[PDB]
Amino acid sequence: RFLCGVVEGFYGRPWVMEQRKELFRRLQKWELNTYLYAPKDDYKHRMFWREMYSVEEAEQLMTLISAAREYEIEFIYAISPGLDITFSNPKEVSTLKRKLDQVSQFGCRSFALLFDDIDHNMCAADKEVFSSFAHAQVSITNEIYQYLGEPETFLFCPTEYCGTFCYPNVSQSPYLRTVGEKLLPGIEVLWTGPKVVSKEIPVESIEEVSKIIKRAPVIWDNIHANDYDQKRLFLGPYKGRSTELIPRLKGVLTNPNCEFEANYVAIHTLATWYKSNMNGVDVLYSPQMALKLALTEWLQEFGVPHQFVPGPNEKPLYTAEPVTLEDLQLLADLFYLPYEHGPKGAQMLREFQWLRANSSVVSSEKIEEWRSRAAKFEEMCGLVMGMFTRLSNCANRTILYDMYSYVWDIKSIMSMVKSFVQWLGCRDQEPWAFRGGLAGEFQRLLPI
């Protein structure tokens, strides 16, 4: 019994109810089974975790939970009390119980307590009752778990939730040792890999952590998360996790891009990865082949919402060409993965670096190498503009709007790069010449 699906676990604008219901439909379509509710900035999840839902909010969560059951998706309600809970005040424990039991009255049977992204310092009153921060967390987690009747799925996100967050390392951490020893065995533990955003999650890294927590973890995967950098988006395939992990894990829940419609590839390729070795103990999963599968399917959504035919001498329709598979392949390569651009992106960057570095050669056989390489690069910059133009004319406006900022940025920068290469081949600005804000001026003075 493996929990595979999506955690809405990110910072910023959460997903709205309509989007979550649509998520459930996609999860089911792709034979995934789990959703973990945890939006960092949905006010009653974390900041105001004490506050009960209103009659309005109650009705909406009930409707959502019913939608999950209807789509055969396990609904997991997480709460994040760690910013300000006095762990040793039993009214505080009661308040936490009240909150979770209100949600259980909405039909929810699966739960989670999360202690990610809080500092390790307890108040004086908690230091006198518990000998460490982990003891304090494990005590209320155990007490809540049993208060709810030992539900079949209950998750715990540790504060040391990845290799690099473990002081002094994974295998000797007194925080994780305590979690492994004291956290009740029915409770599952979340883990993001060697890092917050793990490039790879090697099998031996999971053998290491499994030993100290004394269970196989559930992965909380940040591979496609994009809340940490305003300019980033990830449309590359699920990658860097061997299918051999599946037998050594209780699940994988991916925490993907903030922009809902940008997660077609992220979730589709996750599903393809899970399905490839669902009952494992000869290569089963190819990230490229999976990207192509995801993109081919995604394409069909662009021509669906969410005449005049001009003669030979007349102005041809601006709107005539639909988005192509090749446009989406290019787009994904430009906004690929946190540690890697896709082949076409890396190729354009390499060609531009070369054209810039050999540009003195204008002013030999080397000139026609430069001019032919430049014209081929301009062709590629043209494909980026073409991709933007056809996206901006697509019938699915909802997908367009989620992606707009990103595609506009890349096309806009490729247009400056193209223009710059043309200028190299020929020997009071608007504000978009000088980009990034104040933020960007600070950033440019830091080491890169």
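Each residue number is its position in the shown sequence, starting from 1. So that the term is clear: the rigid core is the largest set of C-alpha atoms that superpose within 1.5 Å between two forms.
Engineer: Which stretch is more displaced from the shown form in 5 other deposited structures of this protein, 171 to 179 or 366 to 374, with RMS over structures and residues of Cα positions after a rigid core fit?
Structural biologist: If we average over structures and residues in 5 other deposited structures of this protein, the farther stretch is 366 to 374.
Engineer: Would you say which of 339 to 347 and 353 to 361 moves more relative to the shown form in 5 other deposited structures of this protein, going by RMS C-alpha distance with the core superposed?
Structural biologist: It is 353 to 361 whose C-alphas lie farther from the shown form in 5 other deposited structures of this protein.
Engineer: In a third or more of the other entries compared, is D282 missing its coordinates?
Structural biologist: Yes, a third or more of the compared structures omit it.
Engineer: Do a third or more of the other compared entries leave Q19 out of the model?
Structural biologist: Residue status for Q19: no gap in any other entry.
Engineer: Just how many deposited residues go unmodelled from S363 to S364: none, 1 to 3, 4 to 9, or 10 or more?
Structural biologist: In the record, 4 to 9 residues between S363 and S364 lack coordinates.
Engineer: Between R427 and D428, how many residues of the deposited sequence have no coordinates in this entry: none, 1 to 3, 4 to 9, or 10 or more?
Structural biologist: Unmodelled stretch: 10 or more residues.
Engineer: Should the higher mean CA B-factor in the entry be assigned to 218 to 226 or to 282 to 290?
Structural biologist: Comparing averages over the C-alpha atoms only gives 282 to 290.
Engineer: Regarding 416 to 424 and 403 to 411, which shows the higher C-alpha temperature factor on average in the entry?
Structural biologist: Stretch with the higher mean C-alpha B-factor: 416 to 424.
Engineer: Based on the PDB record, which member of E74, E160, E340, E368 exhibits the highest Cα temperature factor?
Structural biologist: That would be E368.
Engineer: Among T296, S198, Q329, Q146, which residue carries the highest C-alpha B-factor recorded in the PDB entry?
Structural biologist: Checking the PDB record, the top C-alpha B-factor among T296, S198, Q329, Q146 is at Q146.
Engineer: By its CA B factor, does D41 count among the lowest, middle or highest third of the modelled residues in the chain?
Structural biologist: Answer is lowest: the recorded C-alpha B-factor places it there.
Engineer: Which third of the chain does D117 land in by C-alpha B-factor: lowest, middle or highest?
Structural biologist: Middle third.
Engineer: Based on the deposited C-alpha B factors for this chain, I'd like to know if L3 is in the lowest, middle or highest third.
Structural biologist: For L3, whose C-alpha B-factor we compare with every modelled residue in the chain, the answer is the middle third.
Engineer: Quick check on the deposited entry: does the C-alpha B-factor of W354 sit in the lowest, middle or highest third of its chain?
Structural biologist: For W354, the deposited C-alpha B-factor lands in the highest third.
Engineer: Of the three thirds of its chain by CA temperature factor, lowest, middle or highest, which one includes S131?
Structural biologist: For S131, the deposited C-alpha B-factor lands in the highest third.
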